[PDB]
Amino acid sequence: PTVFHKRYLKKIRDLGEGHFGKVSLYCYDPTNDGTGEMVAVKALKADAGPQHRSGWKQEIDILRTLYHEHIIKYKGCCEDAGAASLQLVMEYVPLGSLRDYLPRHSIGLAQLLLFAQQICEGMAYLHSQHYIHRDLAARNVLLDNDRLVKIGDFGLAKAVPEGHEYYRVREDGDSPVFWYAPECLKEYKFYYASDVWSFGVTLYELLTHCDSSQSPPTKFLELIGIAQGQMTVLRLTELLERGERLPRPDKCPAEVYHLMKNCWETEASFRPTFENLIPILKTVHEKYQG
């Protein structure tokens, strides 16, 4: 609803960038003095196609209506005359993503489980608003402070139709396949349970402290190999069908690993929902906190 004026926007640094999306840090200072607020601005590349342009408007509209303690705060929008679209203005989460934070800061198991609990609370809220995230990964989880985490990029987020239990995707080259459930890779159908599979992968990332050598693409590519022509996805689909999974991270308790494996049930309906996960993680965090 809010309109940011381009004349008070001052670019500080780039924060992240993909194939069609880009996030940069700006100071919004309508006094040219001190009081200036720090904002994260997402822009769509002017070269993006009509599917990405219509999907960009869908993204702004999803975030314009979402409001939760564990979801990034929508600030407003400013015109991007340079791209003939809009720029998405969000609050700046200063400690950044868990992907950049965890390899640099030794975080105890207790705090990691609190983050996992917070991720599920934000995801359950998203699912109650009938939206699927489709890109749940540690790179998309933002650290506000030592005890606050927020879900941050809604670039693939979709509305689940009223009469359906899933959304049909039709796969692209930018799909985060190493965080995807077998039904996504094989049938191109994204269920609410498909986001729970991705959370399982996120939970694995958190427990490995986002170590690159232990990351899902590294680990799965060690199992598949790199001389597979166009068949990486097919080889991943069959290893998952054989019941092969990411290993137990060093120092991850057995029960937390069992919960991870429960999120990785081949059969989507055998997975817990985010609402089911919230009291389980509440109790597992209470345990390890003491």
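The first residue of the sequence shown is number 1, and the count goes up from there.
Trainee: Go through the other compared entries with residues on either side of residue 260 and state whether a third or more give it no coordinates.
Mentor: That residue is present in all of the other compared entries.
Trainee: Other compared entries: residue 46 unbuilt in at least a third?
Mentor: Yes, left without coordinates in at least a third.
Trainee: 89-97 versus 203-211: which one carries the higher mean Cα B factor per the record?
Mentor: Comparing 203-211 with 89-97, the higher average CA B-factor belongs to 89-97.
Trainee: When the Cα temperature factors in the entry are averaged, is it 132-140 or 171-179 that ends up higher?
Mentor: The deposited B-factors put 171-179 ahead on the C-alpha mean.
Trainee: Which one, 84, 184, 124, 113, has the peak C-alpha temperature factor per the PDB entry?
Mentor: Highest CA B-factor of the listed options: 84.
Trainee: Which one, 47, 241, 255, 265, has the peak C-alpha temperature factor per the PDB entry?
Mentor: Among 47, 241, 255, 265, the PDB entry lists the largest C-alpha B-factor for 47.
Trainee: When the deposited Cα B-factors of this chain's modelled residues are ordered and cut into thirds, is residue 21 in the lowest, the middle or the highest one?
Mentor: For residue 21, the deposited C-alpha B-factor lands in the highest third.
Trainee: Compared with the other modelled residues in the chain, in which third is the CA B-factor of residue 70?
Mentor: Middle third - that is where residue 70 ends up once the chain's C-alpha B-factors are sorted.
Trainee: Residue 261: which third of its chain by C-alpha temperature factor?
Mentor: Answer is lowest: the recorded C-alpha B-factor places it there.
Trainee: Residue 153: which third of its chain by C-alpha temperature factor?
Mentor: According to the entry, residue 153 has a C-alpha B-factor in the chain's middle third.
Trainee: Lowest, middle or highest third: where is residue 248 by C-alpha B factor in its chain?
Mentor: Residue 248: CA B-factor falls in the middle third of its chain.
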